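**Student:** Going down the list, the sequences are from chains A, B, C, D, E and F. The first sequence begins at 40 in full-length UniProt numbering and counts up by one. According to full-length UniProt numbering, the second sequence holds residues 104 to 108, 115 to 202, 207 to 226, 237 to 242, 250 to 343, 350 to 412 in order. According to full-length UniProt numbering, the third sequence holds residues 413 to 534, 557 to 714, 722 to 877 in order. The fourth sequence begins at 568 in full-length UniProt numbering and counts up by one. According to full-length UniProt numbering, the fifth sequence holds residues 878 to 918, 951 to 1025 in order. According to full-length UniProt numbering, the sixth sequence holds residues 981 to 1025, 1049 to 1083 in order. Ideal Cβ positions, reconstructed from N, Cα and C, are used throughout, including at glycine. My structure is below; once you've seen it, I'll send some questions.
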Amino acid sequence: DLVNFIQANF
Amino acid sequence: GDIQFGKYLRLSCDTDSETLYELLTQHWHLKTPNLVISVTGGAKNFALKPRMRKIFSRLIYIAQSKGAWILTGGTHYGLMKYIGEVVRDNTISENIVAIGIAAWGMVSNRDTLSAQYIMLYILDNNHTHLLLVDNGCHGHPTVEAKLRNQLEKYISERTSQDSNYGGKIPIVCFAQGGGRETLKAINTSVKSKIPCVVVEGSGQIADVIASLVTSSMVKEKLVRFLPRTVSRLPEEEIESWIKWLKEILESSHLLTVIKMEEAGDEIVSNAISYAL
Amino acid sequence: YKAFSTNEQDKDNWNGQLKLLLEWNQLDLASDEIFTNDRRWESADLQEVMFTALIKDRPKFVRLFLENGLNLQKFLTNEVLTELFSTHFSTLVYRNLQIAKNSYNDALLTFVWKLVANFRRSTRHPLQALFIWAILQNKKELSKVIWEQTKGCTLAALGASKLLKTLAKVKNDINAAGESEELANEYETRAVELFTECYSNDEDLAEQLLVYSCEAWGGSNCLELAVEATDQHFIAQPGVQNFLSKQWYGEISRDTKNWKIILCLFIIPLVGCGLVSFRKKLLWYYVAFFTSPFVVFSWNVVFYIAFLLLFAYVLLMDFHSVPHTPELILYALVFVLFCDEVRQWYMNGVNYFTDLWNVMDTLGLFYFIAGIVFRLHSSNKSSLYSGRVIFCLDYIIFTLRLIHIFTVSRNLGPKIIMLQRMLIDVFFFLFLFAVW
Amino acid sequence: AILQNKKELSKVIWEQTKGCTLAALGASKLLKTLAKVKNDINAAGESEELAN
Amino acid sequence: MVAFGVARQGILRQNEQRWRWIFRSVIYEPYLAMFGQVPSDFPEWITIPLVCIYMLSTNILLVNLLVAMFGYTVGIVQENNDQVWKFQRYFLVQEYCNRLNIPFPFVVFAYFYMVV
Amino acid sequence: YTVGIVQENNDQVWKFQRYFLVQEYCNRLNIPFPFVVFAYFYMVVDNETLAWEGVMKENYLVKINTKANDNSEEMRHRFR
């Protein structure tokens, strides 16, 4: 969730 | 890595401001009724005079009352450590939000991750959130100014109907100390139209900026304020500083100056309200 | 300072300028001139100057150093503290402390004396030790400056007030004792005002802090130090009285009317209905009601009144040589009272023995058991008579205990206090009357 | 305004009332009977001083 | 005083079986024995000192009580009473003002009209 | 002579004694006295508060220091 969102952000 | 000794990320310089705002709003924080950014030099030692010790306490109290964001560099050395400590004690006493922005390369130590950071620059752990800019390795020159300025401009462009301020969210920049970075940030802010507040009667460059409100007078004030800073700086750097100062003083209808005579209470709020 | 600044060699040496200004005690000049953002101020560089300012009674410079990035916790090393206690501690003050220790001893003064001896011959709370050092030498400004850095600020103020009072009770010299007494009054006022503000801001946190035992400041909490020093002004404040009332009523809401509680006490089934209106199933209600200190006190009062009534009846009308049932019941009850007194002896045994009224009750129990033993020997008529006499004395002592109980009520407690106060003076007057 | 211990606002509203002295007497009585409560101390003291 | 009297009765006599008589005796005797009279005043030599010390204790406690009470009264006196007198005078005046202004002996004649 | 003693208030001393009085019953087991022996038989066999304390102290220090500012010496300095 949070990790995937962060990776997608950058 | 999520620092622990709140949250910490590593965002490259080429990052979308809208993406950061969405990240911070969707699942981290709420809409900001107000946002204030403080700019200070990289000097580890700063004058903790009673005036500066009380003005910033009032500022942080106002920020909590309004639920405002605070943007600082986020380093354990200097006034920003004091701001973080005040935030911590107020939270110990409806939560305050503080963000520190610095370059990952400029950090003394780097740990990849939930990693733990335990005590080249040292970052304060009091700030709830922090940002890491990846522009280079061991890069002495600042690499986070562009990101902070773009984020501030984008947040200014944002629309919030709930705010009493007409339309866009208010933003106010605060100036306390001297240095090239201070002038650069102020010039970018004024060029961006966001009002800036300078504490007269304290600070190396704040005093001269208050005094001014073509080249000879500014040069005299600059040399009087900083006998040592001007001496080391080359002539070209001095000319660039004069150009920056003239630029910011051209748009004098925005910036506001706190006066020494009005030393009573409820002055920080008065000045911020007047500037807005 | 000007001449030294213009010397071609002292311009770079800011340490010399700071040293000279500290020697001549120039604060504003130092703050405006040398303390500037031109150069960083590391604690190690400033440590020696801080020590010098401490030695030579320079409180304003101490405050200035603390403001400008000085960590006092790290500075106070064990070697520094022991040297400071050994060399710079005046021998006159040490002699006065010895006199106070030998003559006017206390549960707290012994602790500070042991700490001073430990540091002098050869810690957990260096700040408290420094505060004690400043206080013992009647340094006002430096003590105030150090106080702001302490954690247990109000507790430290209470301890300082008590220590200064017990020190001023000495009579070796007058001026020092008066100075210490005024300083103690000042610190007491500071503590009272600070805790008043603290309670006004919040209540639960203030109560938690007040009951906070902490970690061996003097081995006691704020309340214990306040009571030991007889700081009636501090303990009579509305916040402390409200806390005591909450403790007294326990779970029962403080605003419930009294006759309601009394009726619910006499009528058991009524508690569950709701007229008592606790602050916070039916079983929990009953346990909370009967665990309240007020209910326990009322039941104890009723039991003691019944016990005295039965004692009067048995002693007066039922003193036959042959044992009889009311006497056996009375013997059992006196044993229960003896067990209660044993429990009281276990807790605060030193206070239990020291207390005059506690000693009176213990002597009453001892006389009662002696009289009971006397009655056993029924062969001798004189033994029976002596047992009766001792029982009468035991009864009057138990009545005095009953009187001691009555102090709870606000209506008459002050009257009992006033009678106790007046007894001494009336005794002296009657003594003069008797002689002439 | 009175029940929430708002001093300045209560004073401002009072000047607009017709029965000014009657309103003051009623407010004093109400604040006293409210301060007689013992749930909290600070609020009761504030109400009592306002009543005075 | 009851405690002192019961102690005195217990030491003096044994097993009085008249509940009415003994209740009255214990309640009544100590007050008279203190100041009113000394009917009471088993070795003779060792008996009198105990009665004497009892009397001395009773007298000293009594005078202590009297002086303490006469001291306590001054604090009450300090507060003014004219204020309270006027506050009560309000009720006092209202009681007669609301009533019909008729002499009390003949007020029933007017109350007859009140009824109708 | 008794009036001089009376002059001093006693409610203060009454509360000071009330502290001991309340403590004596508070530290004890909350059992009725007649049946307390049955329970005696069984007998036989912070950082946040201090941090909040500091914050309140700072407010107190500000309040005490404000008395000096009440003077008109600041106005005289403004005149100069």
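How many whole angstroms separate the CB atoms of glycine 213 of chain B and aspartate 254 of chain B, which I take to be in contact at a CB cut-off of 8 angstroms?
**Tutor:** Translated into positions along the second sequence, residue 213 of chain B becomes position 100. Translated into positions along the second sequence, residue 254 of chain B becomes position 124. Indeed they touch by this definition, with Cβ atoms about 7 angstroms apart.
**Student:** To the nearest angstrom, how far is it from the Cα of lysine 714 of chain C to the Cα of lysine 680 of chain C?
**Tutor:** For the purposes of this step, residue 714 of chain C is taken as the residue at position 280 of the third sequence. For the purposes of this step, residue 680 of chain C is taken as the residue at position 246 of the third sequence. For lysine 714 of chain C and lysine 680 of chain C, the distance between alpha carbons rounds to 13 angstroms.
**Student:** Please list, in chain order, the chain H residues whose beta carbon lies closer than 7 angstroms to that of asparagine 48 of chain A.
**Tutor:** Among the chains of the structure shown, chain H does not appear; the protein chains present are A, B, C, D, E and F.
**Student:** Using DSSP with H/G/I as helix, E/B as strand and the rest coil, what is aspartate 264 of chain B?
**Tutor:** Numbered from 1 along the second sequence, position 134 holds the residue referred to as residue 264 of chain B. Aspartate 264 of chain B falls in the strand class under three-state DSSP.
**Student:** Inspect the beta-carbon positions of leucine 188 of chain B and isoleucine 146 of chain B and report whether they are closer than 8 angstroms.
**Tutor:** As a working mapping, residue 188 of chain B is identified with position 79 in the second sequence. As a working mapping, residue 146 of chain B is identified with position 37 in the second sequence. In this structure, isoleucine 146 of chain B does not lie closer than 8 angstroms to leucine 188 of chain B by Cβ.
**Student:** What residue from C:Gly481, C:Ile467 and C:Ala465 has the CA that sits closest to residue 548 of chain C's CA?
**Tutor:** Missing here is residue 548 of chain C: after 534, the next number in chain C is 557.
**Student:** Any C-beta of chain E sitting closer than 8 angstroms to the C-beta of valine 993 of chain F?
**Tutor:** In the sixth sequence, the residue the question calls residue 993 of chain F occupies position 13. No, no contact with chain E.
**Student:** DSSP three-state call for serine 322 of chain B: helix, strand or coil?
**Tutor:** In the second sequence, residue 322 of chain B corresponds to position 192, counting from 1. DSSP places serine 322 of chain B in coil when its eight states are reduced to three.
**Student:** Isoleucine 955 of chain E lies in the alpha helix (DSSP H); which residues open and close that run?
**Tutor:** As a working mapping, residue 955 of chain E is identified with position 46 in the fifth sequence. Per DSSP, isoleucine 955 of chain E belongs to the alpha helix (DSSP H) from 953 to 987.
**Student:** Note down, in chain order, every chain A residue with its Cβ under 7 angstroms from the Cβ of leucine 180 of chain B.
**Tutor:** What you label residue 180 of chain B is simply residue 71 of the second sequence in a count that begins at 1. Result: empty, since nearest Cβ-Cβ is about 19 angstroms, beyond 7 angstroms.
**Student:** Interface residues of chain C around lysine 1060 of chain F at Cβ under 8 angstroms?
**Tutor:** In the sixth sequence, the residue the question calls residue 1060 of chain F occupies position 57. Those within 8 angstroms of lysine 1060 of chain F in chain C are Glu582, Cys587 and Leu628.
**Student:** With 8 angstroms as the threshold, decide whether the Cβ of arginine 998 of chain F is near any Cβ in chain C.
**Tutor:** The residue labelled residue 998 of chain F in the question sits at position 18 within the sixth sequence. For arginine 998 of chain F, the answer is yes, since a Cβ of chain C falls inside 8 angstroms of its Cβ.
**Student:** Under 7 angstroms Cβ-Cβ, which residues of chain E neighbour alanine 753 of chain C?
**Tutor:** Numbered from its first residue, the third sequence carries residue 753 of chain C at position 312. What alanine 753 of chain C touches in chain E: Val883.
**Student:** Just to check my reading of the structure: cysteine 587 of chain C and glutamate 1056 of chain F have Cβ atoms closer than 8 angstroms, yes? What is that Cβ distance to the nearest angstrom?
**Tutor:** Walking along the third sequence from the start, residue 587 of chain C turns up at place 153. Walking along the sixth sequence from the start, residue 1056 of chain F turns up at place 53. Indeed they touch by this definition, with Cβ atoms about 6 angstroms apart.
**Student:** With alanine 216 of chain B as the anchor, note down where its beta strand (DSSP E) starts and where it stops.
**Tutor:** Counting from 1 along the second sequence, the entry for residue 216 of chain B is found at position 103. From DSSP, the beta strand (DSSP E) with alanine 216 of chain B extends over 210 to 216.
**Student:** Taking DSSP's pairing of strands, which residues face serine 687 of chain C in a bridge?
**Tutor:** Taking the first residue of the third sequence as position 1, residue 687 of chain C is located at position 253. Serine 687 of chain C pairs with nothing; no bridge assigned.
**Student:** So is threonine 365 of chain B buried or exposed if we call it buried at 16+ other beta carbons inside 10 Å?
**Tutor:** Here residue 365 of chain B is taken as the residue at index 229 of the second sequence, counted from 1. Under this definition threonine 365 of chain B is a buried residue.
**Student:** Say whether the stretch 391 to 401 of chain B touches the stretch 364 to 379 of chain B, bearing in mind that this needs 3 or more beta-carbon pairs closer than 8 angstroms, one atom from each stretch.
**Tutor:** Counting Cβ pairs under 8 angstroms, fewer than three are found: no touch.
**Student:** Is it the case that the Cβ atoms of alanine 519 of chain C and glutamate 662 of chain C are separated by a distance below 8 angstroms?
**Tutor:** Position 107 of the third sequence, counted from the first residue, corresponds to residue 519 of chain C. Position 228 of the third sequence, counted from the first residue, corresponds to residue 662 of chain C. Yes, they are a contact pair.
**Student:** Would you please verify whether the beta carbon of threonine 141 of chain B is less than 8 angstroms from any beta carbon of chain A?
**Tutor:** Position 32 of the second sequence holds residue 141 of chain B. Cβ-Cβ to chain A under 8 angstroms: no for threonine 141 of chain B.
**Student:** Let me know if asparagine 990 of chain F comes out buried or exposed under the rule of 16 or more other beta-carbons within 10 Å of its beta-carbon.
**Tutor:** Your numbering for residue 990 of chain F matches position 10 in the sixth sequence. Buried, since its Cβ has 16 or more Cβ neighbours within 10 Å.
**Student:** I'd like the list of long-range same chain contacts for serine 405 of chain B, defined as Cβ closer than 8 angstroms, with 5 residues on each side in sequence excluded.
**Tutor:** For the purposes of this step, residue 405 of chain B is identified with residue 269 of the second sequence, where counting begins at 1. Excluding sequence neighbours, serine 405 of chain B sits near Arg167 and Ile171.
**Student:** What is the rounded straight-line gap between the Cα of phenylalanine 951 of chain E and the Cα of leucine 825 of chain C?
**Tutor:** Taking the fifth sequence and counting its residues from 1, one reaches residue 951 of chain E at position 42. Taking the third sequence and counting its residues from 1, one reaches residue 825 of chain C at position 384. Near 12 angstroms, if we compare the C-alpha coordinates of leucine 825 of chain C and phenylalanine 951 of chain E.
**Student:** Ends of the alpha helix (DSSP H) at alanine 275 of chain B?
**Tutor:** In the second sequence, the residue the question calls residue 275 of chain B occupies position 145. It spans 275 to 287 - the alpha helix (DSSP H) in which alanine 275 of chain B sits, taken as one unbroken run.
**Student:** So which residues on chain C does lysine 605 of chain D lean against when the C-beta distance must stay under 7 angstroms?
**Tutor:** As a working note, residue 605 of chain D is residue 38 in the fourth sequence. The contacting residues are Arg688 and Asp689.
**Student:** Three or more C-beta pairs under 8 angstroms: does that hold for the stretch 488 to 498 of chain C against the stretch 557 to 572 of chain C?
**Tutor:** Verdict: yes, contact present.
**Student:** Does the beta-carbon of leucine 576 of chain C have 16 or more other beta-carbons within 10 angstroms, so that it is buried, or is it exposed?
**Tutor:** Residue mapping note: residue 576 of chain C aligns to position 142 of the third sequence, counting from 1. Buried.
**Student:** Would you kindly report the start and end of the unbroken alpha helix (DSSP H) that includes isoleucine 378 of chain B?
**Tutor:** Position 242 of the second sequence, counted from the start, is the residue given in the question as residue 378 of chain B. Counting along the chain, the alpha helix (DSSP H) containing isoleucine 378 of chain B begins and ends at 371 to 386.
**Student:** Would you report the Cα separation of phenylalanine 668 of chain C and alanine 590 of chain D, rounded to the nearest angstrom?
**Tutor:** Within the third sequence, residue 668 of chain C is the residue found at index 234, counting from 1. Within the fourth sequence, residue 590 of chain D is the residue found at index 23, counting from 1. In a straight line, the C-alpha of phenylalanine 668 of chain C is about 39 angstroms away from that of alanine 590 of chain D.
**Student:** So who's on the other strand from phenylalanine 304 of chain B, going by DSSP bridges?
**Tutor:** Taking the second sequence and counting its residues from 1, the one referred to as residue 304 of chain B is at position 174. DSSP, once it has assigned bridges, lists B:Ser147 and B:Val327 as partnering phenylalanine 304 of chain B.
**Student:** Going by the beta-carbon positions, is the gap between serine 647 of chain C and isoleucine 686 of chain C smaller than 8 angstroms?
**Tutor:** Numbered from its first residue, the third sequence carries residue 647 of chain C at position 213. Numbered from its first residue, the third sequence carries residue 686 of chain C at position 252. No, the Cβ-Cβ distance between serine 647 of chain C and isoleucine 686 of chain C is not below 8 angstroms.
**Student:** Return the CA-CA distance between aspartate 40 of chain A and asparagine 154 of chain B, expressed in angstroms with no decimal places.
**Tutor:** Locating residue 40 of chain A in the first sequence gives position 1, where the first residue counts as 1. Locating residue 154 of chain B in the second sequence gives position 45, where the first residue counts as 1. Cα to Cα, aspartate 40 of chain A sits roughly 42 angstroms from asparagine 154 of chain B.
**Student:** Identify whether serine 850 of chain C lies in helix, strand or coil by the three-state DSSP scheme.
**Tutor:** For the purposes of this step, residue 850 of chain C is identified with residue 409 of the third sequence, where counting begins at 1. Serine 850 of chain C falls in the coil class under three-state DSSP.
**Student:** Are there 16 or more other CB atoms within 10 angstroms of the CB of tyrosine 1063 of chain F, so buried, or fewer, so exposed?
**Tutor:** Translated into the one-based positions of the sixth sequence, residue 1063 of chain F becomes position 60. Buried is the call here.
**Student:** Spell out whether any CB of chain B is found under 8 angstroms from the CB atom of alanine 1071 of chain F.
**Tutor:** Against the sixth sequence, residue 1071 of chain F aligns to sequence position 68. With 8 angstroms as the cut-off, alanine 1071 of chain F does not count as an interface residue toward chain B.
**Student:** Compare the C-alpha of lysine 605 of chain D against each of C:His765, C:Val777 and C:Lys691 and name the closest.
**Tutor:** The residue given as residue 605 of chain D occupies position 38 in the fourth sequence. Comparing Cα positions, the closest option is C:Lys691.
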